[PDB]
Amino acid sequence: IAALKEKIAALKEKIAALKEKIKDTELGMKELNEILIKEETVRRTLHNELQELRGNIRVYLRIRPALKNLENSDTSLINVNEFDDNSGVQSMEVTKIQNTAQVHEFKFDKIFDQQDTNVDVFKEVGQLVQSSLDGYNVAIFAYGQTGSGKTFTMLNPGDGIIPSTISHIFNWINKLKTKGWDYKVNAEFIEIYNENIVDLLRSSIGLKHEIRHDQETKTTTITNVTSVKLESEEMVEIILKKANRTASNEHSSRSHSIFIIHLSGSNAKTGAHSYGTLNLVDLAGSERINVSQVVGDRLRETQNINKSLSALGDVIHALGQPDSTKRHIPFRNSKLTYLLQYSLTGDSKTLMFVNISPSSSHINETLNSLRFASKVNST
């Protein structure tokens, strides 16, 4: 019957129509995926431009919540002004009330107050972690007196800068997989105490840890320091815990701790590569120690910390000046600045977190931290 003969023809025609639909959809998806791959490259460029405009050197103040009853509950000496959207600056004042009021004014790129959580803080820090993934060097420092909240800011479980950073890293790496990107993550975790480097990832006394710079690649290694490949958030959490911050926390408060993350990206579909180093630094307490009745070791420990912190301030101050290439910047003077030199120059991004107490108990030390903050402000 011709009806069946006409039915076969229509089916064979439909077959060819469906096979061509599949081929067209494959082509369309291929084209959509090339847009995605290209757009990731576009995003990196745009993101860096924004980072430049917001400043390669930034200073954030963080006022932690008051602690009862470990300090005076009086927080009235500090006044924080609203973020000025026009100038991009946020100011604050310290006032001592007397016949002639003692006033000290300070300006920051941002001020986080008592109510601002680690989640709030990371809304601003995340963009710098992104820069590292995109192939730029980043240094984030937490500065302030012992008790001001440096370690909480950096390491509070789940939402500290470091755990938030690890989460961001692995989530972004997972997303990038679908766009041709393969990433290797390797880390070192070290301590600087009295201008000596200790490996916090060792698994002992006479081991030499010396800074080695490679001028050609602008990379730095330390001799005999453990480097570990980071494979997941959970794996880092285990590694962090083992390394950790009474004897231990006293030592930790008198030394710098530095978490160094290398983000190595390659795309086989475009031939693109990227390499960024992220440095997360929990600094030695900045408090002025009364050294009069103190023992020699304690005196020298105080001197080294002051030297190290002052050099960091000197270096970052100099880098924020218009005449940065013209003037000489002595990274070599201190072990911290010398170690991090390639993450402080060029296209690198620097963030100084200055942690303070809101309490009247600590007003003098707070003023020191605020003066340090003013020194590291860029022009």
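So that there is no doubt, residue numbering starts at 1 and follows the sequence shown.
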| property | result |
| --- | --- |
| Sequence continuity check, residue 99 and residue 100 (deposited residues unmodelled) | none |
| Deposited-sequence gap flanked by residue 245 and residue 246 | 4 to 9 |
| 296-304 versus 256-264 - greater average Cα B-factor per the deposited record | 296-304 |
| Stretch exceeding the other in mean C-alpha B-factor - 86-94, 105-113 | 86-94 |
| Candidate set 272, 207, 128, 187 [ranked by C-alpha B-factor, highest] | 207 |
| Identity of residue with top Cα B-factor, from 159, 134, 234, 124 | 234 |
| Third of the chain, ranked by Cα B-factor, where residue 165 sits | lowest |
| CA B-factor ranking of residue 326, expressed as a third of its chain | highest |
| Relative C-alpha B-factor of residue 250, binned into the chain's lowest, middle or highest third | highest |
| Residue 36 - Cα temperature factor, lowest/middle/highest third of chain | middle |
| Assigned third (lowest, middle, highest) for the C-alpha B factor of residue 28 | highest |
